[PDB]
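[1] Give me a 3D structure for the following:
(2 chains)
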Amino acid sequence: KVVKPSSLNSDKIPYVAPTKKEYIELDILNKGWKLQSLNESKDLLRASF
Amino acid sequence: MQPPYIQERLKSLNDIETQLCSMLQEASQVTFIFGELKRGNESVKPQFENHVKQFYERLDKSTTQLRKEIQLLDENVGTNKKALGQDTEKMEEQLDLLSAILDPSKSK
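    Numbers count the residues shown, from 1 in each chain, chains lettered A, B, ... in the order given. Next comes the structure:
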């Protein structure tokens, strides 16, 4: 009822030029969240056991 | 009481679930130790090998013994009945009571 649906149309945008800046931090911080997940994994398993 | 064979069968089964409980407990300690191993202290590193080896050897032989029990089930096949004599034994005891009634020197 809001609108006749033709809303989403294909479009093109270029990929941002890569560098050392963001991937290394992205992956080390992913390491951080997965070390977190390991910690809560161990804690939950200990509580369950 | 039950014949002995059933007695050692139930003892072996009880040993089986106690071994399973020990396996679960050792899983708990190995999960515990891996956390600090990931933390970064290498002192408890030697204990890790021992814990893993004991965990695996506890997991294996328990299942092996249970397999032996299930195998025993295979050859144990072929290897109110009491009522057939029940009245008789009742009969016996009743007459015994009469004897106690019949002799006044034993009613003390």
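[2] mind listing what the residue sitting furthest away from the middle of chain A touches?
    Residue farthest from the centre of chain A, counting by Cα atoms, centre = their mean, is residue A:1 at 34.5 Å. By Cβ atoms under 8 Å, 6 or more residues apart in numbering or on different chains, the contact list for residue A:1 is empty. Any C-beta I mention is one placed from the backbone N, CA and C, and that applies to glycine too.
[3] do residue B:86 as well
    Neighbouring residues of residue B:86 by Cβ under 8 Å, 6+ apart: residue B:80.
[4] Tell me the spacing between it and residue B:37.
    Using Cβ to Cβ, to the nearest Å, one gets 66 Å for the distance from residue B:86 to residue B:37.
[5] thinking again about what came up before, and the gap between the residue farthest from the centre of chain A and residue B:43?
    Applying Cβ to Cβ, one obtains 68 Å for the distance of residue A:1 from residue B:43.
[6] thinking again about what came up before, return the distance of the residue farthest from the centre of chain A relative to residue A:7.
    Residue A:1 is 14 Å from residue A:7, by Cβ to Cβ.
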